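Trainee:
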Amino acid sequence: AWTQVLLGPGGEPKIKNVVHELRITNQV
Amino acid sequence: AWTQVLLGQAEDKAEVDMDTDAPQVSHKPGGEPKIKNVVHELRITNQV
Numbered sequence: 921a922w923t924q925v926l927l928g949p950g951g952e953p954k955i956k957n958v959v960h961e962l963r964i965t966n967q968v
Numbered sequence: 921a922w923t924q925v926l927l928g929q930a931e932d933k934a935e936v937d938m939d940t941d942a943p944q945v946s947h948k949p950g951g952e953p954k955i956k957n958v959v960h961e962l963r964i965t966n967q968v
């Protein structure tokens with residue numbers, strides 16, 4: 921259930957959003 | 921830091937931090953010098 925809910949009786953898996961910011965600090 | 925401000929560095933050649941993951945606000949070891957733009961004047965008095 922975690923495997924199928926991860927790709928978009950087994951319970952309810954809560955697979956949370958991971959927040960990422962692409963980032964410039966000093967031209968990098 | 922005084923040596924860096926005397927050379928006239930503008931420092932938008934390291935372009936500005938959008939968020940606050942070290943946006944260069946610090947009580948620095950260099951500090952923040954602002955050197956005066958002192959004007960020396962060329963003129964003429966008595967044909968000199």
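Chains as they are written, first to last, in the entry's author numbering: chain G, 921 to 928, 949 to 968; chain A, 921 to 968. Cβ atoms here follow ideal geometry from the backbone N, Cα and C, with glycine treated the same way.
1. Are the C-beta of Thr923(G) and some C-beta of chain A separated by less than 8 angstroms?
2. Contact defined as beta carbons within less than 8 angstroms: I believe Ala934(A) pairs with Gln967(G). What is the distance between those atoms, to the nearest angstrom?
3. Could you give the C-beta distance for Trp922(A) and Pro943(A), rounded to a whole number, given that I count them as a contact under 8 angstroms?
4. My assumption, with CB atoms under 8 angstroms, is that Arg963(G) sits in contact with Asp941(A). Please give the rounded CB distance.
Mentor: Let me lay it out:
1. no
2. 6 angstroms
3. With a Cβ gap of about 23 angstroms, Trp922(A) and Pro943(A) do not count as contacting.
4. 7 angstroms
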